[PDB]
Amino acid sequence: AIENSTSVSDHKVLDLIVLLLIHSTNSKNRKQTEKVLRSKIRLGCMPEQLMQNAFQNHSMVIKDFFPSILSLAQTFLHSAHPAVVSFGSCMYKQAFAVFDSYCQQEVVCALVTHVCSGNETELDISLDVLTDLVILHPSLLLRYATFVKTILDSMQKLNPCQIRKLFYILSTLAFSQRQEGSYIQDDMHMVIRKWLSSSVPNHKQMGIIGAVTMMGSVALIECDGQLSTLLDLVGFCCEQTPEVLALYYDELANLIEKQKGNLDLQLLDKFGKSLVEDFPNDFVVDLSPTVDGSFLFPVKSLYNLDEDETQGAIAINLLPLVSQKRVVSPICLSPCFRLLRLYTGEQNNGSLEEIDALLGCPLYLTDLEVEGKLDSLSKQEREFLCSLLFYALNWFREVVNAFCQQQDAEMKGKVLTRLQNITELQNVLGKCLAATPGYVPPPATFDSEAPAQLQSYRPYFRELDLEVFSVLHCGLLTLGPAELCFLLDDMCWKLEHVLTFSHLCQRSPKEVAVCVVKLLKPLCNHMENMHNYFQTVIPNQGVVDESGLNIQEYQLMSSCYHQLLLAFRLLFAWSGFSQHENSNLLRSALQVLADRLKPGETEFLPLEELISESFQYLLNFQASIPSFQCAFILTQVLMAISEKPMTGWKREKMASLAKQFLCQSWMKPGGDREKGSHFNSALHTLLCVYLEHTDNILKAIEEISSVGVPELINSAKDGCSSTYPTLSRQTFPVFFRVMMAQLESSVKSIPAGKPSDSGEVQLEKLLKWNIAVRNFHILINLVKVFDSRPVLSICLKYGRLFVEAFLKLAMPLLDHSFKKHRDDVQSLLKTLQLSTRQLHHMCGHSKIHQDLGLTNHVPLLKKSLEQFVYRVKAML
Amino acid sequence: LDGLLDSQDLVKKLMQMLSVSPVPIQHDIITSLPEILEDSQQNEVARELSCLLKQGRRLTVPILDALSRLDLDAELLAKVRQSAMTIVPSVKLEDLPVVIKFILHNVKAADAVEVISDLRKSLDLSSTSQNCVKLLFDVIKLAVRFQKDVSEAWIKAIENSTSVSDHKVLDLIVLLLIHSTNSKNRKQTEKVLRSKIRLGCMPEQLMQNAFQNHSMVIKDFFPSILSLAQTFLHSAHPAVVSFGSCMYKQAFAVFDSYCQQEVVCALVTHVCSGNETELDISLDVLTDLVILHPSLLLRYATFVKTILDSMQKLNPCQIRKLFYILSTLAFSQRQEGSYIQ
């Protein structure tokens with residue numbers, strides 16, 4: 001009787017207390033207790049604010065509920081369905097807060113054992129101990145002296161990006177305890193000195209991550225002396241040749257990026273001035289860069305000095321270090337440029353004329369020709385010559401694009417010109433990489449991050465996620481189709497991991513949302529309105545019909561709109577905004593309502609901004625002519641904006657979903673564009689059209705069936721979602737057959753006993769469902785004579801489900817046998833009985849290629865239905 | 001990365017030369033003194049001290065020294081641990097957890113069912129058990145509970161024991177520890193515990209020692225395993241029911257007031273719903289009233305009074321024991337008791 005409450009569930013803390021009580025005491029009740037509690041967490045009504053009311057108002061009453069229900073539930077509530085995991089995390093985060101010392105030690109050890117074994121949980125754990133370190137800092141180091149230290153002895157288990165959070169933990173405890181803390185972690189990362197030396201193929205990586213992390217905790221003496229000695233080994237591994245110098249560079253860059261307002265100039269200047277100033281004198285001290293010198297393997301001795309020309313000197317200009325090259329780009333290049341651009345932004349502070357301090361790289365960009373980086377014409381392998389030189393080129397230019405993004409209206413254009421030249425360089429580079437047999441994997445898929453290949457050419461893609469780069473370049477035209485393509489692809493491939501890559505995941509997903517959906521809503525909506533204009537023109541449809549002059553511009557202007565709508569989904573379609581802290585949901589929604597639809601509804605109350613913005617979005621949808629690979633997202637976005645289908649306008653949404661399934665951008669102008677993208681797109685849009693269609697799925701599914709009748713004759717009309725000559729592989733069928741078995745299982749309260757004709761109108765509904773089952777099963781054999789590869793295997797599960805639903809509903813055949821009106825109960829129960837039998841005899845001869853064994857195994861299952869029909873015929 | 005190549009060898013030679021004055025001073029320094037060469041990191045002192053290890057003071061050195069070890073000196077780490085397994089009866093409670101931690105980290109992720117087996121077999125030389133020894137080995141096994149792979153290893157290697165099981169107080173505690181901590185590893189924990197109760201070798205005298213002389217270590221495992229097993233050990237096979245009765249007939253005796261109130265309520269709910277259990281419960285509260293009489297009426301003022309309101313359920317001969325309970329608490333308290341009943 002705690003489940004059937006919906007008015008007190010948000011105010012009955014005294015329901016949570018009792019639920020923990022019953023779980024703590026009653027042993028056999030506990031598995032049902034967890035179930036009712038979980039199902040009350042989902043479907044709202046049980047927020048983490050109720051749990052704070054329990055912990056922080058009734059602590060002494062709930063203190064008895066602990067290592068039984070409380071810790072065990074909280075561990076057991078880290079499974080899935082992330083409405084409940086922000087509850088399970090609040091249980092650990094408040095049990096540490098209000099309880100006593102044994103309970104604090106036990107929650108700490110619960111988190112630690114939880115991170116020392118676990119696959120998806122370790123994220124929630126590491127963010128949890130992170131919240132514990134940032135929130136209750138002196139109260140955690142007591143419960144840490146061997147407990148949080150432990151997981152370092154299992155860092156090899158899993159920490160791709162969790163290692164930076166883990167050493168954030170250990171460092172924050174080290175710096176918040178002058179009496180004991182700092183020596184502990186300095187000993188940890190010092191034992192990592194032998195690790196830094198050679199203790200594995202790894203453990204030097206982890207060495208410098210830990211070293212810079214403990215080294216930035218000193219940035220906000222005896223600690224200075226302990227620091228410098230364990231820094232000299234970092235310098236030595238840096239002085240050792242490889243990329244382990246570049247990782248030291250990258251780590252110092254990440255430290256400046258993460259803590260910006262703190263970390264005064266003198267401390268970091270003492271840290272790096274010998275690492276910054278190693279760039280503009282790695283090779284560029286010359287005078288006339290038009291000469292080649294040797295520029296070893298000189299393919300670009302004949303064409304040096306690529307196009308920037310916005311400088312007053314040319315010494316080597318990024319060429320000569322790139323000559324011999326074989327660099328991991330700490331050599332006056334990308335990982336070193338990331339520290340140059342950040343020490344230039346912290347030292348010579350203000351960062352405004354400090355971008356103007358480095359008005360080129362070191363006040364130089366490049367010159368006025370095409371090429372200008374030399375690593376071929378002696379490297380006889382066609383791949384490792386330019387496909388490792390142009391990777392460094394693109395990483396260079398997009399470090400320059402991710403670096404200089406301030407409001408310098410002379411540098412803003414050049415940065416847009418830099419993104420443009422990066423697009424053309426990326427095109428030539430991708431052409432060279434494709435023409436390369438294999439690829440230069442090393443500085444594409446192994447360097448530039450560990451120190452569209454997309455994985456390791458990491459800084460070559462607006463850091464592959466850099467949220468401030470899209471702020472400028474997408475807020476710029478608030479200028480280029482293929483530039484909008486690349487910047488939007490970065491936006492989407494970052495919003496995937498972040499909001500549902502070690503420099504985006506250095507911000508919490510709410511902060512990535514606040515900087516993406518909030519502070520970049522209008523810059524994206526304006527380009528979406530411009531694309532809506534270019535679709536009511538012939539820029540998206542001209543190269544199919546009329547404007548056959550830029551064929552390869554329509555594709556890019558389509559992919560831009562597609563990535564824009566996937567951005568519109570992934571910003572809204574995820575938990576990254578739509579949880580109980582929903583003020584940001586309003587700040588994100590009001591900008592969509594007032595985007596072009598009457599900006600006077602700013603202070604409009606909740607559930608009206610959603611209903612307003614949905615009208616403008618659905619008004620846009622009628623021109624979504626991108627060949628509807630994005631219309632499968634133009635429904636997935638709008639469905640994700642509104643809460644559930646309960647809106648009256650959602651009926652027009654579903655009625656427009658049928659218009660889309662009839663259209664798919666008006667019969668999907670490609671003849672092969674339906675193959676593999678649409679093989680999931682149509683199969684998910686059909687689930688929307690059949691999840692709601694004028695509230696009558698039975699008339700709807702029958703309309704699709706009698707539409708599939710026309711799918712045989714001449715193979716295409718009345719719905720292009722399944723109008724391919726091979727029936728679009730009958731994926732509309734596989735969805736329609738999952739729909740009928742759902743409709744039959746749905747009609748269970750329709751047969752309400754056998755009281756009256758109200759209980760007898762359900763017989764007509766089960767009869768119409770059997771009529772639709774017969775119509776589908778009749779075309780099942782007719783289309784199976786065309787083809788039955790997976791269609792047969794789908795029809796087997798369909799027959800197994802529909803007959804099981806008929807057995808579930810046979811209670812209204814035998815109980816409603818006198819309500820079947822025995823003077824007319826022959827044809828009444830005869831319809832379903834003869835239909836199921838004729839279909840089951842039609843259900844045999846396909847799935848039988850098992851050495852003549854399954855020719856009647858389907859009839860062997862059908863004998864159960866025939867026996868039930870015999871019992872019902874004797875019953876009626 | 002300075003290669004002081006002969007500055008570990010002459011150092012160790014002169015350190016094994018003079019006397020016992022700077023023994024620990026020259027000893028502890030050799031971790032960062034042999035740290036010059038990456039090849040001499042895990043291989044130079046891999047045998048230069050693996051045989052010189054005769055006392056306890058050299059233990060921290062090889063732990064940090066075997067830095068790479070090619071996953072083979074870790075076998076030699078368990079081997080030098082087997083060498084120190086004899087020093088475990090020779091160190092004499094000086095570096096007990098300081099030694100056992102070296103062995104317990106040595107088999108980290110691989111098969112360790114023989115590692116824990118050799119550990120408990122060496123524990124026959126140290127822990128019936130010594131006075132500090134319970135918390136001593138607990139300061140290693142509790143702190144090794146985290147890895148979640150030597151938990152199940154010690155479970156699957158606690159069954160194959162038949163020589164130490166009667167003196168396995170320090171292997172009684174581990175079953176309660178694994179059950180209280182490891183959630184999915186709890187149903188197998190009850191199974192191995194039950195099957196060790198049956199077939200002898202686990203008497204109520206073991207639980208009595210593990211509750212009386214060694215209690216602050218097990219008092220942490222009360223709110224789960226101990227009460228949640230004793231309620232679940234009242235099912236059948238009455239070799240184990242005289243064990244589950246000792247579990248919460250001794251929990252009332254040594255634990256703190258919350259545990260006493262919770263055992264009394266466990267018995268009271270147990271007799272307020274139960275078919276054959278109610279006999280064991282009623283004799284159990286009977287034992288509590290005859291044994292700890294003034295310590296039960298405090299935990300009784302509404303708790304033992306309750307079952308009068310369900311006497312209609314079942315008490316053919318239990319009603320006489322029930323009113324024996326209530327009458328004994330009545331007559332054992334002149335201040336409040338007699339008025340109550």
# chains A, B, ... in the order shown; residues from 1 in each chain; ligands from 1

$ interface_residues --of "chain A" --to "chain B" --cutoff "8 Å" --atoms "only C-alpha atoms" --output "list in words"
residues 27, 67, 68, 72, 109, 112, 113, 116, 117, 146, 191, 194, 195, 197, 198, 199, 200, 233, 236 and 237 of chain A

$ write_last_selection --atoms "N, CA and C atoms" --output "compact mmCIF listing (two decimals), in the first residue's frame"
# COMPACT_ATOMS: atom_id res chain seq x y z
N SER A 27 13.56 -9.88 6.06
CA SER A 27 14.54 -10.45 5.14
C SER A 27 13.92 -10.88 3.82
N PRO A 67 23.98 -0.47 7.17
CA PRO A 67 24.64 -1.47 6.32
C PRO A 67 23.77 -2.57 5.76
N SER A 68 22.58 -2.65 6.35
CA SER A 68 21.47 -3.37 5.72
C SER A 68 20.99 -2.46 4.58
N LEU A 72 23.36 -1.11 1.13
CA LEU A 72 23.15 -2.23 0.18
C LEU A 72 22.23 -1.75 -0.92
N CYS A 109 34.81 2.97 1.82
CA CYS A 109 35.22 1.66 1.34
C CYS A 109 34.23 1.07 0.36
N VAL A 112 35.35 2.69 -2.83
CA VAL A 112 36.65 2.19 -3.25
C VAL A 112 36.56 0.77 -3.81
N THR A 113 35.87 -0.14 -3.11
CA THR A 113 35.64 -1.47 -3.67
C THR A 113 34.81 -1.39 -4.94
N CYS A 116 37.31 -0.43 -7.62
CA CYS A 116 38.31 -1.46 -7.84
C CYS A 116 37.75 -2.68 -8.56
N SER A 117 36.46 -2.67 -8.89
CA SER A 117 35.84 -3.67 -9.76
C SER A 117 34.53 -3.10 -10.27
N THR A 146 44.47 4.68 3.94
CA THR A 146 44.73 3.50 3.15
C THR A 146 43.61 3.18 2.19
N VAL A 191 57.31 7.00 -6.00
CA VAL A 191 57.44 5.54 -6.25
C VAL A 191 57.20 5.47 -7.75
N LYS A 194 60.36 5.47 -10.17
CA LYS A 194 60.85 4.23 -10.82
C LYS A 194 59.83 3.88 -11.90
N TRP A 195 58.55 4.11 -11.61
CA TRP A 195 57.52 3.89 -12.65
C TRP A 195 57.83 4.85 -13.78
N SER A 197 60.61 5.92 -14.62
CA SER A 197 61.82 5.40 -15.31
C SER A 197 61.46 4.31 -16.34
N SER A 198 61.09 3.10 -15.91
CA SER A 198 60.83 2.02 -16.85
C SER A 198 59.93 0.88 -16.38
N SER A 199 59.07 1.07 -15.38
CA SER A 199 58.55 -0.11 -14.70
C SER A 199 57.52 -0.91 -15.49
N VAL A 200 57.20 -0.47 -16.71
CA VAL A 200 56.26 -1.15 -17.59
C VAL A 200 56.39 -0.49 -18.95
N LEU A 233 63.34 14.28 -12.26
CA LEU A 233 63.16 13.03 -12.98
C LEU A 233 62.15 13.19 -14.11
N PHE A 236 64.14 14.61 -16.74
CA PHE A 236 65.00 13.59 -17.32
C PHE A 236 64.26 12.72 -18.32
N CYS A 237 63.06 12.25 -17.95
CA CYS A 237 62.25 11.52 -18.91
C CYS A 237 61.85 12.40 -20.08

$ select_by_dssp --residues "range 265-296 of chain B" --states "alpha helix (DSSP H)" --output "MDAnalysis selection string"
chainID B and resid 265:272 277:291 294:296

$ write_last_selection --atoms "N, CA, C and O atoms" --output "compact mmCIF listing (two decimals), in the first residue's frame"
# COMPACT_ATOMS: atom_id res chain seq x y z
N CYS B 265 14.40 -8.05 19.37
CA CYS B 265 13.35 -7.86 18.35
C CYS B 265 13.41 -8.96 17.30
O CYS B 265 12.38 -9.29 16.73
N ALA B 266 14.59 -9.49 17.02
CA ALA B 266 14.68 -10.60 16.05
C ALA B 266 13.97 -11.82 16.59
O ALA B 266 13.20 -12.45 15.86
N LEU B 267 14.21 -12.13 17.86
CA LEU B 267 13.52 -13.27 18.50
C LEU B 267 12.02 -12.99 18.57
O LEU B 267 11.23 -13.88 18.29
N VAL B 268 11.63 -11.77 18.93
CA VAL B 268 10.19 -11.46 19.09
C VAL B 268 9.46 -11.55 17.76
O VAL B 268 8.38 -12.13 17.73
N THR B 269 10.01 -11.01 16.68
CA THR B 269 9.36 -11.18 15.36
C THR B 269 9.39 -12.65 14.98
O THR B 269 8.46 -13.14 14.34
N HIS B 270 10.46 -13.32 15.37
CA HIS B 270 10.63 -14.73 14.98
C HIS B 270 9.53 -15.58 15.62
O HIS B 270 9.09 -16.55 15.00
N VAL B 271 9.13 -15.23 16.83
CA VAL B 271 8.04 -15.99 17.50
C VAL B 271 6.68 -15.39 17.14
O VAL B 271 5.66 -16.07 17.34
N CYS B 272 6.67 -14.14 16.64
CA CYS B 272 5.42 -13.57 16.15
C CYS B 272 5.07 -14.05 14.75
O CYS B 272 3.95 -13.80 14.30
N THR B 277 10.10 -22.76 14.08
CA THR B 277 11.13 -21.92 14.68
C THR B 277 10.76 -21.49 16.10
O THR B 277 11.67 -21.30 16.92
N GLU B 278 9.46 -21.37 16.39
CA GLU B 278 8.98 -20.74 17.61
C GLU B 278 9.46 -21.49 18.85
O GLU B 278 9.65 -20.89 19.91
N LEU B 279 9.69 -22.79 18.72
CA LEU B 279 10.30 -23.55 19.81
C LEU B 279 11.71 -23.06 20.10
O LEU B 279 12.05 -22.78 21.25
N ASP B 280 12.55 -22.97 19.06
CA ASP B 280 13.93 -22.52 19.24
C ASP B 280 13.97 -21.11 19.77
O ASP B 280 14.80 -20.78 20.63
N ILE B 281 13.06 -20.27 19.31
CA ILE B 281 12.97 -18.90 19.81
C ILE B 281 12.59 -18.89 21.28
O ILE B 281 13.21 -18.19 22.07
N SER B 282 11.53 -19.61 21.65
CA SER B 282 11.02 -19.52 23.01
C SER B 282 12.01 -20.11 24.00
O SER B 282 12.23 -19.54 25.08
N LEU B 283 12.69 -21.18 23.59
CA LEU B 283 13.75 -21.68 24.51
C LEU B 283 14.89 -20.65 24.50
O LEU B 283 15.64 -20.59 25.48
N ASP B 284 15.08 -19.95 23.39
CA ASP B 284 16.20 -18.99 23.33
C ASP B 284 15.95 -17.80 24.26
O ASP B 284 16.85 -17.45 25.03
N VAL B 285 14.74 -17.24 24.21
CA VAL B 285 14.47 -16.13 25.15
C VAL B 285 14.45 -16.69 26.57
O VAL B 285 14.81 -15.95 27.51
N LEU B 286 14.01 -17.94 26.71
CA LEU B 286 14.09 -18.59 28.01
C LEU B 286 15.51 -18.64 28.52
O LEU B 286 15.76 -18.33 29.69
N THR B 287 16.47 -18.99 27.66
CA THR B 287 17.87 -18.99 28.06
C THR B 287 18.32 -17.58 28.39
O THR B 287 19.11 -17.37 29.31
N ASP B 288 17.77 -16.59 27.68
CA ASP B 288 18.16 -15.21 27.93
C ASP B 288 17.64 -14.73 29.27
O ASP B 288 18.34 -14.03 30.00
N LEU B 289 16.42 -15.13 29.63
CA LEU B 289 15.83 -14.71 30.91
C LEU B 289 16.52 -15.40 32.07
O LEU B 289 16.75 -14.79 33.12
N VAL B 290 16.87 -16.68 31.91
CA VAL B 290 17.54 -17.37 33.01
C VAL B 290 19.00 -16.96 33.13
O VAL B 290 19.57 -17.04 34.22
N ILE B 291 19.62 -16.51 32.04
CA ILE B 291 21.04 -16.20 32.09
C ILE B 291 21.26 -14.72 32.38
O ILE B 291 21.80 -14.36 33.44
N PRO B 294 18.79 -9.14 34.44
CA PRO B 294 18.55 -7.69 34.51
C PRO B 294 18.89 -7.00 33.20
O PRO B 294 18.47 -5.86 32.98
N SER B 295 19.64 -7.67 32.34
CA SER B 295 20.00 -7.08 31.07
C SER B 295 18.96 -7.31 29.99
O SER B 295 19.15 -6.83 28.87
N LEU B 296 17.89 -8.04 30.28
CA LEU B 296 16.84 -8.30 29.30
C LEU B 296 15.61 -7.45 29.51
O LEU B 296 14.92 -7.13 28.55

$ atom_distance --atom1 "CA of residue 540 in chain A" --atom2 "CA of residue 519 in chain A"
28.2 Å

$ atom_distance --atom1 "CA of residue 157 in chain B" --atom2 "CA of residue 103 in chain B"
16.1 Å

$ closest_residue --among "B:83, B:16, B:261, B:250" --to "residue 298 in chain B" --atoms "only C-alpha atoms"
B:261

$ residues_around --residues "residue 202 in chain B" --least-positions-apart "5" --cutoff "7 Å" --atoms "only C-alpha atoms" --output "count of residues only"
4

$ atom_distance --atom1 "CA of residue 142 in chain B" --atom2 "CA of residue 189 in chain B"
16.1 Å

$ residues_around --residues "range 771-781 of chain A" --least-positions-apart "3" --cutoff "7 Å" --atoms "only C-alpha atoms" --output "list in words"
residues 702, 705, 767, 768, 784, 785, 835 and 839 of chain A

$ write_last_selection --atoms "N, CA and C atoms" --output "CSV table (one decimal), in the first residue's frame"
chain,number,residue,atom,x,y,z
A,702,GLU,N,-3.8,-2.1,-40.2
A,702,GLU,CA,-4.5,-2.6,-41.4
A,702,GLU,C,-4.3,-1.8,-42.6
A,705,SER,N,-1.1,-2.8,-43.9
A,705,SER,CA,-1.2,-4.1,-44.5
A,705,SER,C,-1.8,-4.0,-45.9
A,767,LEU,N,-11.5,-9.7,-32.7
A,767,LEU,CA,-11.9,-10.2,-34.0
A,767,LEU,C,-11.2,-9.4,-35.1
A,768,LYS,N,-11.2,-8.1,-34.9
A,768,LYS,CA,-10.5,-7.2,-35.9
A,768,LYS,C,-9.0,-7.4,-35.8
A,784,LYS,N,6.6,-14.0,-48.9
A,784,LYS,CA,7.6,-15.0,-48.6
A,784,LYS,C,7.9,-15.8,-49.9
A,785,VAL,N,6.9,-15.9,-50.8
A,785,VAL,CA,7.2,-16.5,-52.1
A,785,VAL,C,8.1,-15.6,-52.9
A,835,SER,N,-9.2,-18.6,-38.1
A,835,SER,CA,-8.1,-17.7,-38.6
A,835,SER,C,-6.8,-18.2,-38.0
A,839,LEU,N,-3.9,-19.7,-40.4
A,839,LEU,CA,-2.6,-19.0,-40.4
A,839,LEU,C,-1.5,-20.0,-39.9

$ residues_around --residues "residue 673 in chain A" --least-positions-apart "6" --cutoff "12 Å" --atoms "only C-alpha atoms" --output "list in words"
residues 626, 627, 628, 629, 664, 665, 667, 679, 681, 682, 721, 724 and 728 of chain A

$ write_last_selection --atoms "N, CA, C and O atoms" --output "mmCIF file, in the first residue's frame"
data_model
loop_
_atom_site.group_PDB
_atom_site.id
_atom_site.type_symbol
_atom_site.label_atom_id
_atom_site.label_comp_id
_atom_site.auth_asym_id
_atom_site.auth_seq_id
_atom_site.Cartn_x
_atom_site.Cartn_y
_atom_site.Cartn_z
ATOM 1 N N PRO A 626 16.038 17.016 -46.667
ATOM 2 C CA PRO A 626 17.460 16.660 -46.716
ATOM 3 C C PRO A 626 17.680 15.232 -47.177
ATOM 4 O O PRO A 626 18.721 14.651 -46.860
ATOM 5 N N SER A 627 16.674 14.661 -47.854
ATOM 6 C CA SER A 627 16.545 13.233 -48.164
ATOM 7 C C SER A 627 16.269 12.414 -46.910
ATOM 8 O O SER A 627 16.497 11.202 -46.887
ATOM 9 N N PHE A 628 15.808 13.095 -45.858
ATOM 10 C CA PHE A 628 15.171 12.502 -44.687
ATOM 11 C C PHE A 628 16.014 11.519 -43.892
ATOM 12 O O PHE A 628 15.484 10.778 -43.062
ATOM 13 N N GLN A 629 17.321 11.493 -44.135
ATOM 14 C CA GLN A 629 18.212 10.867 -43.170
ATOM 15 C C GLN A 629 18.249 11.694 -41.897
ATOM 16 O O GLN A 629 18.522 11.173 -40.811
ATOM 17 N N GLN A 664 9.214 10.513 -46.599
ATOM 18 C CA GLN A 664 10.670 10.384 -46.417
ATOM 19 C C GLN A 664 11.405 11.391 -47.293
ATOM 20 O O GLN A 664 12.207 11.029 -48.154
ATOM 21 N N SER A 665 11.123 12.671 -47.033
ATOM 22 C CA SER A 665 11.488 13.801 -47.888
ATOM 23 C C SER A 665 10.938 13.616 -49.303
ATOM 24 O O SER A 665 11.641 13.797 -50.300
ATOM 25 N N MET A 667 9.474 10.830 -51.117
ATOM 26 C CA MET A 667 9.951 9.662 -51.851
ATOM 27 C C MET A 667 11.459 9.647 -52.044
ATOM 28 O O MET A 667 11.920 9.153 -53.079
ATOM 29 N N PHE A 679 17.796 1.581 -43.038
ATOM 30 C CA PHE A 679 17.517 0.259 -42.483
ATOM 31 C C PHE A 679 17.312 0.313 -40.974
ATOM 32 O O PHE A 679 16.776 -0.625 -40.380
ATOM 33 N N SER A 681 16.604 3.829 -39.773
ATOM 34 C CA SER A 681 15.827 5.058 -39.699
ATOM 35 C C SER A 681 14.344 4.783 -39.909
ATOM 36 O O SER A 681 13.508 5.213 -39.110
ATOM 37 N N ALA A 682 13.997 4.073 -40.986
ATOM 38 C CA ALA A 682 12.599 3.741 -41.229
ATOM 39 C C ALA A 682 12.077 2.777 -40.182
ATOM 40 O O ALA A 682 10.913 2.861 -39.795
ATOM 41 N N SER A 721 8.007 4.937 -47.287
ATOM 42 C CA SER A 721 8.837 4.320 -46.263
ATOM 43 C C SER A 721 9.026 2.828 -46.492
ATOM 44 O O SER A 721 9.959 2.244 -45.934
ATOM 45 N N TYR A 724 10.191 0.423 -51.727
ATOM 46 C CA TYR A 724 11.231 -0.163 -52.557
ATOM 47 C C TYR A 724 10.664 -1.385 -53.259
ATOM 48 O O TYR A 724 9.743 -2.015 -52.723
ATOM 49 N N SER A 728 11.263 -2.508 -49.293
ATOM 50 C CA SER A 728 12.226 -1.973 -48.328
ATOM 51 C C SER A 728 12.673 -3.049 -47.343
ATOM 52 O O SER A 728 12.755 -2.814 -46.136
#

$ residues_around --residues "residue 207 in chain A" --least-positions-apart "3" --cutoff "12 Å" --atoms "only C-alpha atoms" --output "ChimeraX atom specification"
/A:152,155,163-164,167,185-204,210-215,230-231,233-234,237-238,244,247-248,251

$ residues_around --residues "residue 623 in chain A" --least-positions-apart "6" --cutoff "9 Å" --atoms "only C-alpha atoms" --output "list in words"
residues 532, 535, 536 and 665 of chain A

$ write_last_selection --atoms "N, CA and C atoms" --output "PDB file, in the first residue's frame"
ATOM      1  N   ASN A 532      17.010  26.359 -43.625  1.00  0.00           N
ATOM      2  CA  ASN A 532      15.593  26.270 -43.965  1.00  0.00           C
ATOM      3  C   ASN A 532      15.260  27.137 -45.164  1.00  0.00           C
ATOM      4  N   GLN A 535      16.630  25.347 -48.258  1.00  0.00           N
ATOM      5  CA  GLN A 535      15.793  24.222 -48.641  1.00  0.00           C
ATOM      6  C   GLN A 535      14.493  24.644 -49.321  1.00  0.00           C
ATOM      7  N   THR A 536      13.959  25.828 -49.010  1.00  0.00           N
ATOM      8  CA  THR A 536      12.883  26.432 -49.785  1.00  0.00           C
ATOM      9  C   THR A 536      13.396  27.114 -51.043  1.00  0.00           C
ATOM     10  N   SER A 665      11.123  12.671 -47.033  1.00  0.00           N
ATOM     11  CA  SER A 665      11.488  13.801 -47.888  1.00  0.00           C
ATOM     12  C   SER A 665      10.938  13.616 -49.303  1.00  0.00           C
TER      13      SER A 665
END

$ decode --residues "range 800-817 of chain A" --atoms "C-alpha atoms" --output "mmCIF file, in the first residue's frame"
data_model
loop_
_atom_site.group_PDB
_atom_site.id
_atom_site.type_symbol
_atom_site.label_atom_id
_atom_site.label_comp_id
_atom_site.auth_asym_id
_atom_site.auth_seq_id
_atom_site.Cartn_x
_atom_site.Cartn_y
_atom_site.Cartn_z
ATOM 1 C CA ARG A 800 4.563 -17.164 -31.253
ATOM 2 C CA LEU A 801 3.516 -13.794 -29.849
ATOM 3 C CA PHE A 802 0.066 -13.474 -31.447
ATOM 4 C CA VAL A 803 -1.004 -17.005 -30.496
ATOM 5 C CA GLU A 804 0.240 -16.414 -26.953
ATOM 6 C CA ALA A 805 -1.827 -13.226 -26.804
ATOM 7 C CA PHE A 806 -4.839 -15.174 -28.090
ATOM 8 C CA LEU A 807 -4.263 -17.700 -25.302
ATOM 9 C CA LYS A 808 -4.062 -14.745 -22.915
ATOM 10 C CA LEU A 809 -7.424 -13.529 -24.248
ATOM 11 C CA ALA A 810 -9.160 -16.933 -24.454
ATOM 12 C CA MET A 811 -10.513 -16.215 -20.953
ATOM 13 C CA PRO A 812 -12.874 -13.829 -22.779
ATOM 14 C CA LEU A 813 -13.693 -16.680 -25.160
ATOM 15 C CA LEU A 814 -14.707 -19.249 -22.524
ATOM 16 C CA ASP A 815 -15.989 -16.883 -19.819
ATOM 17 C CA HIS A 816 -17.592 -14.839 -22.595
ATOM 18 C CA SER A 817 -18.987 -17.895 -24.341
#
